[PDB]
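Shown next are two forms of a single protein chain, provided one at a time as structure tokens under the names structure 1 and structure 2.
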Structure 1
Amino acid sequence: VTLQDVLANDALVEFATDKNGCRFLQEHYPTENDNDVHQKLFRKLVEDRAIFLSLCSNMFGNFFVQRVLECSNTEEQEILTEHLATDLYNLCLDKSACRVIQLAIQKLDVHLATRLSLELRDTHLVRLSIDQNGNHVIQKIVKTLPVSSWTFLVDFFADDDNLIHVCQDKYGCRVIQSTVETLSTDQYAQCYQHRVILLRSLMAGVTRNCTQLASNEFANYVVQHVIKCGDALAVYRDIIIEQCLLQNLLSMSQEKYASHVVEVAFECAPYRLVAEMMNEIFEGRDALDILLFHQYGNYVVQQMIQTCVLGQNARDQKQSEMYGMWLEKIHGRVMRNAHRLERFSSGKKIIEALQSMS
């Protein structure tokens, strides 16, 4: 069998819907754009829009379409962009066609992929951001294309309700993370700070709603990302710590999901905010006794122990002395209630750590 056989029999669909036939088409498809067999196969692919869009939706057919994307020049890409734009929203939600869309985002010329990105502006973006398939399309656009192709997403997520729904979703939290990273990893090389204004418009909702976001089963991760980020998002980290966590550390160390946020905050914060957090913990049966004997706050106590142990090895010796004070206070309270703590592993681990350091 050869390709002239499938061109003469008009059987492109019948091999591309088969596994072995599509692998034959992929292995023998000519890569040079001026080959006649290349052009005849391309015409048979794109001459009927319904056939093309059904081949994009196929379990085995899509791959051949993806190979046609890898070999394509600008004239072929214009036709492909028009056919994809006619059904882009359902193509993004499909298990097979979304991979064609993602490869198109990587491989098309930037104005063509910009056109496809801006086609989605008036669709249902929450539904697209929370789908198992379309989330990856949104992330591919954000991490691939320049920002002017997707600032409508920053405007969309500037609304508070939209942010909460996407951030609290299993998949949309990943979308929020990728957008914050892309807008923060850059702006450093920029001279006019265009991306950090967009990042401030995005992070205003996060700081405005971060108590509910930190208490959530999926949005907590997003709240941990900012705090764990570093100097790129350090201002927003410090805003979250001074506004949300302070005067609420006793409550959220006891919650199932927000205790991870409190733990990450003890792990990654400046000394002033750490000192204010230790002030809140040691100055409310008081708060440290509650957190030693709690199913979630015990891990917060362990994190305080670890950030005092690694904290003592510091250049400024005043901060190191305060770290020693805090660790000595924790050590004294644990040796006061060691008898009961030994009953549960919650305490065995805490003691083992306090034993490691004498």
Structure 2
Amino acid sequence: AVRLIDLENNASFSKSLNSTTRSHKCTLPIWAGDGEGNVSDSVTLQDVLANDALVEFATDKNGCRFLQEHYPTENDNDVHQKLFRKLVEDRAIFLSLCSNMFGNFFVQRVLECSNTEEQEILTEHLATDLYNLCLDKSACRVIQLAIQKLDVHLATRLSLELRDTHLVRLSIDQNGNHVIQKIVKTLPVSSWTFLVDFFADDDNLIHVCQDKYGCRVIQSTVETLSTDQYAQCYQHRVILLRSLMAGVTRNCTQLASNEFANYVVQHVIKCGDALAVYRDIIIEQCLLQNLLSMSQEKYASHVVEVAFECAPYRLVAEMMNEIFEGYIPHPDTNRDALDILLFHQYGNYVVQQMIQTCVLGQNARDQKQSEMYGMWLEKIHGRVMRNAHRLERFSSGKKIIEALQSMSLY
């Protein structure tokens, strides 16, 4: 049995002869089309492999649809292996097809059909330029499907590839925000602990939180670290959540009176449970002494609504005492916080929430609490009835008067 060394034939001039297309926009080569931009029925995948034209099929829509339809799902199929080897033969060719408007659908298809051995070379290719890939509009979808299908260890390598980068630029990005989120919501916490480290800085937290995309990132991170629940005796997540919530609480005044940041503020009040302690701090450190001023604001009035809805009674009593007896009346008009918020565009929503909290808490176990909630209802009814002649003309006044219909302190 003499040995035979079979070297490959130098087909240097084949990318040249696949560069010829009928149209200047579609990239499908002239040999594979029927004239109208589609793929001829005589064309098979072995014809793609024989002409070295996976790349040129991939960046054309119909050729990539052909590749995605006829791709063999089984890993021991021959044509599957030759196509995958042609894909991952070159780093630059692979990363280009990932960043192609059309080839990323084929890279996603080979992600759905992959097993572990393919996943290793796929991860090694992606990790070389992962950050700029997450910045790309087409390649970032490939990155999201990777975090979903890649084995945890491979995805972890990928997530820690973003460790010392410009994470604020990634988190405020239109495409990259979804990657960060995917990682946080998909992978175990140790894969992205450095992300919490990046938000240990106050300035990085604000810039990201006060952004149309980064507020979703902060919301996903907080939901994940909190959803841990009480299934842990020693929880490492609590330390991480504490490190983050610290900045939220330090800058919660600016974040509450803000276009995008206020939403995540509502989350730490809406959730309760693991975030209850932080909710209370929030109510003690920017809500109190400010409730009139933020209830006349467009963004922070929702924060005052959810704080009135979800607080414990000890804090709710402080808010009610602040609205009823906490401000000096206006020197010209003799008008307190309640008289202002009855006829205010945003503040009437706050007053309806106070009414709703009082009628829900009148069904409480503690009698004193029920009596106190009623007292506050009788205060509200006294102001409303006095002002009811003007308030009846408004829609908000109709909703308010319908809310105090047929009540009883008992």
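Heads up, when I say rigid core I mean the largest set of C-alphas that superpose within 1.5 Å between the two forms. Counting starts at 1 with the first residue of structure 1 and goes up one by one along its sequence.
> Using a rigid core alignment, state whether the CA of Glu47 is displaced by 2 Å or more between the two structures.
Result for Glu47: no, shift under 2 Å.
> If we fit on the core, is the Cα of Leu341 displaced 2 Å or more between the two structures?
Moves: yes, 2 Å or greater.
> I want to check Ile350: does it shift between the two structures by 2 Å or more at the Cα, with the core superposed?
Superposed on the core, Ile350 moves its C-alpha 2 Å or more between the two structures.
> Once the core is aligned, what is the C-alpha displacement of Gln187 between the two structures? Give it in Å to one decimal.
Comparing the two forms, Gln187 shifts 4.8 Å at C-alpha.
> Supposing the core is put in the same place in both forms, how far has the CA of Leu249 shifted between the two structures, in Å?
That residue's C-alpha sits 1.2 Å away in the other form.
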